[PDB]
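Student: Pasting a structure below so you can have a look.
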Amino acid sequence: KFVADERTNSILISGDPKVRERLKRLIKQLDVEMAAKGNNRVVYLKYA
Amino acid sequence: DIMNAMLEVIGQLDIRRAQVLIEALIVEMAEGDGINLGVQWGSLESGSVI
């Protein structure tokens, strides 16, 4: 089965060295961080 | 993440402000003329005036 800590932000695992193979695979799978979306933007008004 | 956002907002609101030199020009030109001329008459013995 599964654990993690967000003190550390770390996946802990309980189970197989097959769970160790595939869940080091999923250790790696969703590690990715989305690129900044420019969620907010400062616009310089020319006239108004 | 919110920190990295607000630092990019602050970065773009911190810009230098250009400064304008406003020079007004006021021109007031007056001119005037007049000619007042006339002849008056009078006799005060029997009072009669123009």
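Going through the structure tokens in order, the chains are called A, B, and so on, while each chain numbers its residues from 1 and the ligands are numbered from 1 in the order shown.
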Can you check which residues of chain A have any atom within 10 Å of chain B? Use only C-alpha atoms and format it as a PyMOL selection string.
Tutor: chain A and resi 36+38-44
Student: What gap, in Å, lies between atom CA of residue 30 of chain A and atom CA of residue 18 of chain A?
Tutor: 18.3 Å
Student: So which residues of chain A fall under alpha helix (DSSP H) by DSSP, listed as an NGL selection string?
Tutor: :A and (17-29)
Student: Please run DSSP on the backbone and report, as a list in words, all residues within chain A that come out as strand (DSSP E).
Tutor: residues 2, 3, 4, 5, 10, 11, 12 and 13 of chain A
Student: Tell me, as a short mmCIF file (atom, residue, chain, number, x, y, z; two decimals) with C-alpha atoms, in the first residue's frame, which residues lie within 8 Å of segment 3-16 of chain A, counting only C-alpha atoms; anything in the same chain fewer than 4 positions away does not count.
Tutor:
data_model
loop_
_atom_site.label_atom_id
_atom_site.label_comp_id
_atom_site.auth_asym_id
_atom_site.auth_seq_id
_atom_site.Cartn_x
_atom_site.Cartn_y
_atom_site.Cartn_z
CA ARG A 20 9.23 -1.06 -5.52
CA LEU A 23 6.15 2.45 -7.61
CA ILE A 27 7.70 7.88 -7.86
#
